[PDB]
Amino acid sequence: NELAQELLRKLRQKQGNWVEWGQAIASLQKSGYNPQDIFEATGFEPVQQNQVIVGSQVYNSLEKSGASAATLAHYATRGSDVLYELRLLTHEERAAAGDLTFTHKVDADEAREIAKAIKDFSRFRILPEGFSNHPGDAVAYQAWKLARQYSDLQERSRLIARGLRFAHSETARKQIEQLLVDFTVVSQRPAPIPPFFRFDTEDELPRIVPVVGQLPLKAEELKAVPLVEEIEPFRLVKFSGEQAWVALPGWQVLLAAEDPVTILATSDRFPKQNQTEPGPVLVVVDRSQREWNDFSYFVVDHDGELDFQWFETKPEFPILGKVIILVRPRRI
């Protein structure tokens, strides 16, 4: 192209300000370039790629939601690592935090904690006594609650100083001043361990498979079913129209299948195998397996309708797919 080589050139030189870079890197992902592609062409590491996209998204919130014009001048050319740490905030509480981080000329580590403070503090419908919702009070409320847990050292003083540096309101300053008179512990309980599961390396994950419908069915109905694209990293499946789905185990032949599809039918569509009576069967076919052979079953276009047969001799026919799985319903 022409705009796909000029954007990459700007990044290769680090021409503009970092905000520009973040938008250029947005524009390349938008148009197909993965992190690894961009690092090949430009110098940009993929860590720094992510930092500046998100960083610019934050800077955008700093613009839309009304931070100081002095703030924007500073963060337009510097402080991508800092704005990146405000990512989990909201647009409105980003502009507030950004004004605060400019004011106190804050490095990225300290801004990570400022952001933690601002979120912890916005989980109050009724606010703590003496503290307002200005992020200075919020990071001062954090300095308050932390200093009380310590009972021993000059760390109390260091944290009391912090709270006084940051606090916005007079009421919060005095709430903090009280800790120079009042020496008691209030310790806090640690947060509960969240319910983590690990996908086991040693066994296989399930696969979601589309479902055309119950036989009797028409050849057009099967061919109208799109191929499914699993969206990494969690193998999601998004789809727009009407559809039915089934989640099946990760059998080897099913993970293998390039394009599988499910058809509900009965066991008497196939040769009777033992003595048991005709019941419901779930049939999986791979549409991308259409070469004949004499040991397997296939879905065929039987003049406008779907049918499962087998073949002793190469058929003068179109084969729509190959049957890879037959399964009866789970027991009682």
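All residue numbers refer to positions in the sequence shown, first residue = 1.
S.K.: Please compare 311-319 with 10-18 and name the stretch with the higher mean C-alpha B-factor in the deposited structure.
M.R.: In the deposited entry, the stretch with the higher C-alpha B-factor mean is 311-319.
S.K.: Which wins on mean Cα temperature factor, 158-166 or 145-153?
M.R.: Here the higher of the two C-alpha B-factor means belongs to 145-153.
S.K.: Among the choices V299, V58, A69, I263, identify the one whose CA B-factor in the record is greatest.
M.R.: In the PDB entry, the greatest C-alpha B-factor among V299, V58, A69, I263 is found at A69.
S.K.: How does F131 rank on Cα B-factor within its chain, lowest, middle or highest third?
M.R.: Middle third by C-alpha B-factor.
S.K.: Split the chain's modelled residues into thirds by Cα B-factor; is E230 in the lowest, middle or highest one?
M.R.: It belongs to the middle third of the chain when residues are ordered by C-alpha B-factor.
S.K.: Going by the recorded CA B-factors, say which third of the chain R328 sits in, lowest, middle or highest.
M.R.: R328: CA B-factor falls in the lowest third of its chain.
S.K.: Of the three thirds of its chain by CA temperature factor, lowest, middle or highest, which one includes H104?
M.R.: Its C-alpha B-factor, which the entry lists for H104, ranks in the lowest third among residues of this chain.
S.K.: Mind checking which third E113 falls in for C-alpha B-factor across the chain?
M.R.: Answer is lowest: the recorded C-alpha B-factor places it there.
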